[PDB]
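Residue numbers (our numbering), protein chains in the order written: chain P, 558 to 752; chain L, 558 to 752.
A virtual CB, placed ideally from N, CA and C, is assigned to each residue, including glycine.
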């Protein structure tokens, strides 16, 4: 039968982008103010730094643009184990669908290398790099961004919001769904989209 | 109204991969035999080099894996001008949909940089990097590979074959279509998929 196709974005779902940004920002700019994760709001971290103090958006971006930022990101709790199990389920195809952002120098390569490091070479085959997820056909999309953007007004996938510091204060209105973490019942969400 | 969505793969359609491989192979390995473009058959160039002489698949691959291989590729005749015009047509969205191959170090980055060089920064937004084009939804796909591969058995796009040295000897059976070059009537092909 037809496989359930699930898209999972790496950022803030598999790899701890927010923790990495905060940790490296503080080490490189120890005499500047920063944004504790609990105070993060909205997916655009650099823009919030810019509101904190003029110039900090640029410094935060320079952190994310630095060599090894993406590669040295820590996996989120239970992320690698859940996605490995998910991909091993019958009638389930998992693709990692994630953005190069506007940082083409190191980000694409390190994202490939990160996935290979934690998931193996085989899994590299399942990666789709795109700014626009709406042109990718699938049954489900799990990512940390509450807003959909891209060329297709109504995507084929149901969008499921993975909890992150910047989105956790949003109280989603049904039937919009939230996955609180990888300890949460993700199998139930997948099963709901099966025949 | 709904925009016509056209996927165009860079390799052998916008950027002259075959000419670049041959030119750099010959300069780096001047005392080895090579495959003239007229003798190329099948999209897998390294495999054909391997059949020519044991070890040459590895050398050909080392050419494509080298820094600046992708970035220094020459645009194919009329390619940049056609795609710029195509993207400027009303009710037409163009995405560049292309593979990282298994060469993650320089290939993704240089493909982004190549597109920016010839098409501008804006156009980077329209790039989709994937091994599997069948999970990308669209009306048309133009690439140089005669065979479809990927998870979706029947893709949403019509596949149009762009002529390249390795595929030109294939006589396509209707209704399969071929675009002979960018001087050919590509507008007619697009128009045929419009309402």
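8 Å Cβ shell around residue 623 (chain P) - same chain, five flanking residues per side excluded: For residue 623 (chain P), where only same-chain residues beyond five positions count, the Cβ hits under 8 Å are 581 and 663.
Can you say whether residue 655 (chain P) is buried or exposed, counting buried as having 16 or more other CB atoms within 10 angstroms of its CB? Counting of Cβ neighbours within 10 angstroms places residue 655 (chain P) among the buried residues, the total reaching 16 or more.
Would you grab the beta carbon distance between residue 661 (chain L) and residue 666 (chain P) for me? Rounded to a whole angstrom, and I think it's under 8 Å. Between residue 666 (chain P) and residue 661 (chain L) the Cβ distance is about 6 Å, and since that is below 8 Å, they are a contact.
Using 8 Å as the Cβ pair cut-off and three pairs as the minimum, do the segment 558-569 of chain L and the segment 635-654 of chain L touch? When Cβ pairs closer than 8 Å are counted between the two stretches, the segment 558-569 of chain L is seen to touch the segment 635-654 of chain L, the count reaching three or more.
I need the straight-line Cα distance from residue 744 (chain P) to residue 635 (chain L), nearest angstrom please. Going by C-alpha positions, residue 744 (chain P) is about 50 Å away from residue 635 (chain L).
Given residue 614 (chain L), which residues of its chain have a CB within under 7 Å of its CB, disregarding the five upstream and five downstream residues? Excluding positions up to five away in sequence, the list reads 603, 604, 606 and 607.
For the 8 Å Cβ check, are there 3 or more pairs between the segment 708-728 of chain L and the segment 582-602 of chain L? These segments touch.
Give me the Cα-Cα distance between residue 612 (chain P) and residue 588 (chain P), rounded to the nearest whole angstrom. Distance between the alpha carbons of residue 612 (chain P) and residue 588 (chain P) is about 14 Å.
Tell me which residues share the same chain as residue 574 (chain L) and place their Cβ nearer than 7 Å to its Cβ, disregarding the 5 neighbours each side in the sequence. Setting aside the 5 residues that flank it on each side, residue 574 (chain L) is surrounded in the same chain by 568 and 630, each with a C-beta closer than 7 Å to its C-beta; the list follows chain order.
Could you compute how far the alpha carbon of residue 704 (chain P) sits from the alpha carbon of residue 687 (chain L)? Cα to Cα, the separation comes out at about 23 Å.
Extract the residue ranges of the beta strand (DSSP E) inside the segment 676-733 of chain P, only unbroken runs of 3 or more that lie entirely within it. Here the runs fully enclosed are 684-687, 697-700 and 715-719.
With a threshold of 9 Å between beta-carbons, can residue 684 (chain P) be considered close to chain L, or not? Judged by the 9 Å Cβ criterion, residue 684 (chain P) is in contact with chain L.
So which residues on chain L does residue 693 (chain P) lean against when the C-beta distance must stay under 9 Å? For residue 693 (chain P), the chain L residues whose Cβ falls inside 9 Å of its Cβ are 685, 687, 692, 693 and 694, in order along the chain.
Paired residues, beta bridge with residue 652 (chain P) - DSSP: Bridge pairing for residue 652 (chain P): P:564 [DSSP].
If you run the structure through DSSP and keep just helix, strand and coil, what is residue 632 (chain P)? When DSSP states are grouped into helix, strand and coil, residue 632 (chain P) belongs to the strand group.
On the criterion of 16 or more Cβ atoms from any shown chain inside 10 Å, does residue 711 (chain L) qualify as buried, or is it exposed? Looking at its Cβ environment, which holds fewer than 16 other Cβ atoms inside 10 Å, residue 711 (chain L) is exposed.
Helix, strand or coil at residue 572 (chain L) according to DSSP, with G and I counted as helix: The answer is strand: DSSP assigns residue 572 (chain L) an E or B state.
Within 10 angstroms of the Cβ of residue 729 (chain P), are there 16 or more other Cβ atoms? Answer buried if so, exposed if not. Exposed: under 16 other Cβ atoms inside 10 Å.
Residue 662 (chain L): contacting residues in chain P (beta-carbon distance under 7 Å): Residues of chain P passing the Cβ test: 666.
For residue 735 (chain L), write down the residues that DSSP places opposite it in a beta bridge. Residue 735 (chain L) pairs with L:718.
Rounded C-alpha distance that separates residue 695 (chain P) from residue 742 (chain L): Straight-line Cα distance between these residues: approximately 33 Å.
Cα-Cα separation, residue 621 (chain L) to residue 570 (chain P): Distance between the alpha carbons of residue 621 (chain L) and residue 570 (chain P): 33 Å.
Indicate whether at least one CB of chain P lies closer than 9 Å to the CB of residue 572 (chain L). Not a single CB atom of chain P sits nearer than 9 Å to the CB of residue 572 (chain L).
Name the chain L residues that come within less than 9 Å of residue 652 (chain P), Cβ to Cβ? Near residue 652 (chain P) (Cβ distances below 9 Å), the residues of chain L are 687, 689, 692 and 708.
Check whether the Cβ atoms of residue 701 (chain L) and residue 685 (chain P) sit closer than 9 Å, and answer yes or no. In this structure, residue 685 (chain P) does not lie closer than 9 Å to residue 701 (chain L) by Cβ.
Kindly indicate which residue of P:731, P:693, P:618 and P:717 has the alpha-carbon position closest to the one of residue 746 (chain P). Closest by alpha carbon: P:717.
C-alpha gap between residue 691 (chain P) and residue 693 (chain L), whole angstroms: For the pair residue 691 (chain P) and residue 693 (chain L), the Cα-to-Cα distance works out to about 9 Å.
Residues of chain L with CB under 7 Å from residue 675 (chain P), in chain order? What residue 675 (chain P) touches in chain L: nothing, since even the nearest Cβ is about 15 Å away.
Cβ of residue 606 (chain L) within 9 Å of any chain P Cβ: For residue 606 (chain L), the closest Cβ of chain P is not nearer than 9 Å.
In the structure shown, what three-state DSSP assignment does residue 614 (chain L) receive? Helix, per DSSP.
When the Cα of residue 735 (chain L) is compared with those of L:697, L:709 and L:668, which residue comes out closest? The residue among L:697, L:709 and L:668 with its C-alpha nearest the C-alpha of residue 735 (chain L) is L:697.
Comparing alpha-carbon positions, which option in L:616, L:642 and L:727 lies nearest residue 590 (chain L)? When only C-alpha atoms are compared, the closest one is L:616.
Taking Cβ-Cβ distances shorter than 9 Å, what residues in chain L pair up with residue 516 (chain P)? Because chain P spans 558 through 752 in this model, residue 516 (chain P) falls outside it and cannot be assessed.
Between residue 670 (chain P) and chain L, is any beta-carbon pair separated by less than 9 Å? So, interface residue.
Which residues of the segment 626-658 of chain L have a Cβ closer than 8 Å to any Cβ of chain P? Give them in chain order. Going along the segment 626-658 of chain L in chain order, one finds 650, 652 and 657 with a Cβ nearer than 8 Å to chain P.
Taking Cβ positions only, does residue 681 (chain L) come closer than 9 Å to chain P? Yes, contact with chain P.
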